[PDB]
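Consider the single chain below, provided in structure tokens and representing the form deposited in one PDB entry.
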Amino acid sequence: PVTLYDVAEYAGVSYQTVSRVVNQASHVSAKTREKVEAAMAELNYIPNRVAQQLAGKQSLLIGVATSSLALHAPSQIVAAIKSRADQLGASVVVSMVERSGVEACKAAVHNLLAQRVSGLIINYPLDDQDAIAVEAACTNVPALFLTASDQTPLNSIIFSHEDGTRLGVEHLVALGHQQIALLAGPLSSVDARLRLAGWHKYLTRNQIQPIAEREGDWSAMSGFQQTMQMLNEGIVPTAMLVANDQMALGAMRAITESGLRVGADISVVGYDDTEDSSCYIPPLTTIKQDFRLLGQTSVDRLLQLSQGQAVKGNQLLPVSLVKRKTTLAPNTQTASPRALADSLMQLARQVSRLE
């Protein structure tokens, strides 16, 4: 071919030196790594082996099957994963799952397996039935799941959906709310269904039935649209539990644009605690999920599993309510007709001043 001995006799260096480069920067002065890496590139030279160029002094090589990095939560996690995996001197190989469902995910795994990975993290939302089908596909390779579900028997880490829903409900019940609406994610999504189940569960335990229930698509816009729809249908709760912070944003807008006050008239609770919620108007009470932690933890755990020790269990991570300004004790006090008529008059005056 173009050999390892050709790279060397024209570039002026030994075959210990060309072979020390092929691996990683160690005992060769950084100034002689320019005489080699330009002599390799200007004659096209490469590995075999190419997993013989991942041959030492040890590897853990880990595969991740994830939802789109477009989406905020999955990016947080993978960031953390990649990040932490680095600290531990293991490498990460992502395989994105442009949707949707289990055949999609089963495929993303069969890829990672073809790339001879030593462990798997599944960051893709699956109901328990399907998660089992996937675990089947992992075939003698340790597999940690960051989204299940149904309880599950397998290796998992998740945040407590039970806690999240409980905290929110309890918060509002304790502020003395009785008229409550839910705004869930799309129901194709397992995470949405779990969240909603949770809300029902705990509201039932406080002798409460939600006065309305709706379904967004995770986007703020859908939070606005559904909330608008609802208020226009004359349904006007004192509080809303919302399945993520972005829909909560859209709800808040719907409310505000409907002539109501967020908190003082309709309290709202989110989920996720995104960077931006702290500066919504007003700042948004929500459930914190530390995705960076989930990601980082999942790596420690996976390395352990790949040496036959760890929790071969399922594992939960705590969450927490973050009180801010969208939660206040209920209030149906609301402007009097005389006050509205006055506001109207003011705009009639402004109107008459136009062309």
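So that the term is clear: the rigid core is the largest set of C-alpha atoms that superpose within 1.5 Å between two forms. The numbering used is simple: start at 1 and walk along the sequence shown.
There is another form of this protein, the form deposited in another entry, and it is not shown here; the text below is about that form.
Taking 2 Å as the criterion, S258 does not count as shifted between the shown form and the other one: its C-alpha moves by less than this amount when the rigid core is aligned. Relative to the superposed rigid core, the position of the CA of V117 differs between the shown form and the other one by 2 Å or more. After superposing the rigid core, the C-alpha of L71 moves by 2 Å or more between the shown form and the other one. Contraction of the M247-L69 CA spacing by 3 Å or more is recorded in the other entry, set against this form. Compared with the form shown here, the Cα atoms of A184 and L69 move at least 3 Å closer together in the other entry.
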